[PDB]
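Working through the structure, step by step
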Amino acid sequence: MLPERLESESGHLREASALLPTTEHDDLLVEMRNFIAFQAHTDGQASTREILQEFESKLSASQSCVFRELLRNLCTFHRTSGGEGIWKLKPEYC
Amino acid sequence: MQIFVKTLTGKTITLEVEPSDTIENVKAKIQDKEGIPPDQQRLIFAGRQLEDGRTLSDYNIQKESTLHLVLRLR
């Protein structure tokens, strides 16, 4: 997983109206949320490098498959004036 | 019915609930066991954050389902 992969890639899942909700990745989703909320440099947000630095070593094969989708679940993506990619927690998860 | 709730530390607790219970009711039950006020709780289940007004049945939460408690940031 490279920074360009997380920030560029389009979504591959259908609208949430046609999807059935699954609990398979709740554990990972919560850990991702709590890190971005409390454990990054700024509360409620984390840069791409921060998230990668935290999780890239800890993900299994199946977790790697859905990691970007879980990130898009939790956060909106932003680019600063300096060009840094920042993921900010949606208000529903704050 | 009985459901499971993963607390802030990751340990699992047991709640006695009904399908007609609102998420607000569930958070109140969590307060009694964990001491966390409802206005500081958010519940996550099946990749979704649970809204207070809706019921457990609304999210198709069944017997022995596992909810996830997280601490409100703001």
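See the structure above.
One structure accompanies this document, and this report is about it.

**Overview of the packing of aromatic side chains**
Residues and elements named next belong to chain A. Taken as a whole, this structure holds three aromatic pairs over all chains when the rule is applied. Seen in terms of ring centroids, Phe35 and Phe55 are 5.8 Å apart; in terms of plane orientation they differ by 85 degrees. Their pairing is edge-to-face. With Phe35 in helix 2 (residues 26–39) and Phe55 in helix 3 (residues 48–55), the pair connects residues that are 20 residues apart, well separated along the chain. Accessibility assignment for this pair places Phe35 and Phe55 in one class, buried. Ring centres of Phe77 and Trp87 lie 4.7 Å apart, and the angle between their planes is 50 degrees; on these two criteria the pair is classed as tilted. Taken together, the residues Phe77 in strand 2 (residues 75–79) and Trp87 in strand 3 (residues 85–89) connect sequence positions ten residues apart. Among the aromatic residues, ring-to-ring pairing joins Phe35, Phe55 and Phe67 into one connected group.

**A closer look at helix 2 of chain A**
In a regular helix each residue adds 1.5 Å, so 14 residues correspond to 20 Å; helix 2 of chain A covers 19 Å between its end C-alpha atoms and thus fits that length. Listing the buried residues of helix 2 of chain A in full gives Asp26, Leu28, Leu29, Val30, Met32, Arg33, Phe35, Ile36 and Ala37 of chain A.

**Things to note about the nonpolar core**
Residues and elements named next belong to chain A. Among the nonpolar cores identified, the biggest contains 25 residues, and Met32, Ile36, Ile51, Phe55, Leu71 and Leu89 are the most heavily contacted of them. At the level of elements, helix 2, helix 3, helix 4 (61–74) and strand 3 are the ones that each hand at least two residues to this core. Top element by residues in this core is helix 2. It accounts for seven residues. Residues contacting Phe55, with those up to four places away along its chain left out, are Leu28, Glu31, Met32, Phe35 and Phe67.

How each quantity is defined
- Residues numbered from 1 in each chain as written, not as in the entry; some residues may be left out.
- Chains lettered and ligands numbered in written order.
- Heavy atoms only, no water.
- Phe/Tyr/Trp six-rings, centres within 6.5 Å; stacked < 30°, edge-to-face > 60°.
- Helix = DSSP H or I, 4+ residues; strand = E, 2+ residues; numbered from the N terminus.
- Buried < 20%, exposed > 50% of the residue type's maximum accessible area, 1.4 Å probe, protein only.
- Expected span 1.5 Å × (residues − 1).
- Core = buried A, V, L, I, M, F, W, Y, C linked by side-chain atoms within 4.5 Å.
- Contact = heavy atoms within 4.5 Å.

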